[PDB]
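Encoded as structure tokens, the structure appears first; notes follow it.
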Amino acid sequence: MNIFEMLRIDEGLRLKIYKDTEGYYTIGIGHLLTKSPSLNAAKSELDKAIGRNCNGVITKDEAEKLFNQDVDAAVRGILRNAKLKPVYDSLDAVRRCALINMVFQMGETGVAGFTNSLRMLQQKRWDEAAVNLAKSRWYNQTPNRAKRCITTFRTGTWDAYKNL
């Protein structure tokens, strides 16, 4: 189990624009296109992103390309972030994957705002941090994916996905 397989389980693969849990236009493996209500704003964003006229549809290859970009941008984001960097350096390899997973889902800014939880992960207070992360909108909106992620932080194992 690696970060890519893990995100593929959490986000799914969709070769056609779609709407995210939130009402947003997405495509491939959780690639947020726009928070704008236009199917037309989304299709333009998509062609700009892919560099071809897609007409709301893309190939596997294209989706994977977008995926490679996103995880990479998520890693460099954590590495350049003064709030995130220390937590990450402090963690074991499995728990690191869990922070990349949160960061790919909610962005840098989002996760950087989970101050308390960050402070607990850094302190290695596992159970306590698990409980804290659950008290969020993220958990209430997409509970099963949040739970898998929270369990990875709580245990340091890939159990939650081992099922899937």
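Numbering of residues begins at 1 and proceeds along the displayed sequence. What's counted below: heavy atoms across the whole structure, side chains too, no hydrogens, waters or symmetry copies.
- The side-chain heavy atoms of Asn116 and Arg119, taken from C-beta on, include a pair separated by under 4.5 Å.
- When the side chains of ILVMFWY residues are joined at heavy-atom separations under 4.5 Å, either directly or via intervening members, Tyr161 and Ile29 end up in a single hydrophobic cluster.
- With rounding to the nearest 0.5 angstrom, the CH2 atom of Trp126 is 14.0 Å from the CD1 atom of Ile150.
- Residues passing the side-chain hydrogen bond (donor to acceptor under 3.5 Å, both in side chains) test with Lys48, sequence neighbours excluded: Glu45.
- Contacts classified as salt bridge (charged side-chain N to carboxylate O under 4.0 Å, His left out) and involving residues 18-28 (residues at least two apart or in different chains) are given here: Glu22-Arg137.
- Residues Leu33 and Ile17 are in side-chain contact: their nearest non-hydrogen atoms beyond the backbone lie under 4.5 Å apart.
- The 12-atom threshold is not exceeded at CG of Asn55, counting heavy atoms of other residues, nucleotides or ligands nearer than 6.0 Å.
- Considering only heavy atoms from C-beta on, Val57 stays 4.5 Å or farther from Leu46 through its side chain.
- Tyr18 shares a hydrophobic cluster with no other residue; no ILVMFWY side chain has heavy atoms under 4.5 Å from its own.
- Linking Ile, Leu, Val, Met, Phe, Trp and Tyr whenever their side-chain heavy atoms come within less than 4.5 Å puts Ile58 and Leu13 in one cluster.
- In this structure, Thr34 contributes its side chain and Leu32 its backbone to no donor-acceptor pair below 3.5 Å.
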Inset, instruction - Test side-chain contact (heavy atoms from CB on, under 4.5 Å) on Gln105 and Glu11 and set out the steps. - result: CA-CA 9 Å; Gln105 221 211 295; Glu11 297 288 340; 3.9 Å; yes

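- Once rounded to the nearest 0.5 Å, the distance linking OG of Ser136 with CZ of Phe114 reads 4.5 Å.
- The distance from the CG atom of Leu121 to the CG atom of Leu133 is 6.0 Å, given to the nearest 0.5 Å.
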Inset, instruction - Test salt bridge (charged side-chain N to carboxylate O under 4.0 Å, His left out) on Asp47 and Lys43 and set out the steps. - result: CA-CA 6 Å; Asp47 302 329; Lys43 276 140 91 122; over 6 Å; no

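- Under 3.5 Å, the side chains of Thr155 and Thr157 contain a donor-acceptor pair of N or O atoms.
- Residue pairs meeting the salt bridge (charged side-chain N to carboxylate O under 4.0 Å, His left out) criterion with at least one partner in residues 30-42, sequence neighbours excluded, are absent.
- No side-chain heavy atom of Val111 sits under 4.5 Å from any side-chain heavy atom of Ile78.
- With hydrogens and angles disregarded, a donor-acceptor distance shorter than 3.5 Å links the side chain of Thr151 to the backbone of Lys147.
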Legend entry - Check against salt bridge (charged side-chain N to carboxylate O under 4.0 Å, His left out), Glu108 and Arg80: CA-CA 10 Å; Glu108 216 179 290; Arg80 270 194 262 123; 3.8 Å; yes

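- Counting all heavy atoms, side chain and backbone alike, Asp70 lies closest to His31 at OD2-ND1, 2.9 Å.
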Inset, instruction - Evaluate side-chain contact (heavy atoms from CB on, under 4.5 Å) for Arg148 paired with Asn144, printing each intermediate quantity in order. - result: CA-CA 6 Å; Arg148 288 197 284 279; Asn144 290 151; 4.2 Å; yes

Inset, instruction - Would you sort out whether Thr152 and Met6 count as a side-chain contact (heavy atoms from CB on, under 4.5 Å), showing the intermediate values? - result: CA-CA 11 Å; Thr152 307; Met6 183 197 210; 4.1 Å; yes

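- With sequence neighbours left out, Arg8 forms a side-chain hydrogen bond (donor to acceptor under 3.5 Å, both in side chains) with no residue at all.
- The one candidate from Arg52, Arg14, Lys16 that meets the salt bridge (charged side-chain N to carboxylate O under 4.0 Å, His left out) condition with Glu62 is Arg52.
- Both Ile9 and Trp158 belong to a common hydrophobic cluster when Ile, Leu, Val, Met, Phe, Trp and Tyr are linked at side-chain heavy-atom distances under 4.5 angstrom.
- Residues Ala63 and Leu15 share a closest heavy-atom pair of CB-CD2, 4.2 Å.
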Identify each donor-acceptor pair in which a side-chain atom of residues 90-104 lies under 3.5 Å from a protein atom, sequence neighbours left out, and give them as a table.
{"from": "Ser90", "atom 1": "OG", "to": "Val87", "atom 2": "O", "distance (Å)": "2.7"}
{"from": "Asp92", "atom 1": "OD1", "to": "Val94", "atom 2": "N", "distance (Å)": "3.2"}
{"from": "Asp92", "atom 1": "OD1", "to": "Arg95", "atom 2": "N", "distance (Å)": "3.1"}
{"from": "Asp92", "atom 1": "OD2", "to": "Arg95", "atom 2": "NH1", "distance (Å)": "2.6"}
{"from": "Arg95", "atom 1": "NE", "to": "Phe153", "atom 2": "O", "distance (Å)": "2.7"}
{"from": "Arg95", "atom 1": "NH2", "to": "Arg154", "atom 2": "O", "distance (Å)": "3.3"}
{"from": "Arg96", "atom 1": "NE", "to": "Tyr88", "atom 2": "O", "distance (Å)": "3.0"}
{"from": "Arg96", "atom 1": "NE", "to": "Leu91", "atom 2": "O", "distance (Å)": "3.0"}
{"from": "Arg96", "atom 1": "NH2", "to": "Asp89", "atom 2": "O", "distance (Å)": "3.1"}
{"from": "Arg96", "atom 1": "NH2", "to": "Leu91", "atom 2": "O", "distance (Å)": "3.4"}
{"from": "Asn101", "atom 1": "OD1", "to": "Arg145", "atom 2": "NH2", "distance (Å)": "3.4"}
{"from": "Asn101", "atom 1": "ND2", "to": "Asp10", "atom 2": "OD2", "distance (Å)": "3.0"}

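- The side-chain heavy atoms of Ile50 and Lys65, taken from C-beta on, include no pair separated by under 4.5 Å.
- The minimum heavy-atom distance linking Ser36 with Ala41 is given by the pair OG-CB, 3.1 Å.
- Looking at heavy atoms from C-beta onward, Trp138 lies in side-chain contact with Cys149 at the 4.5 angstrom threshold.
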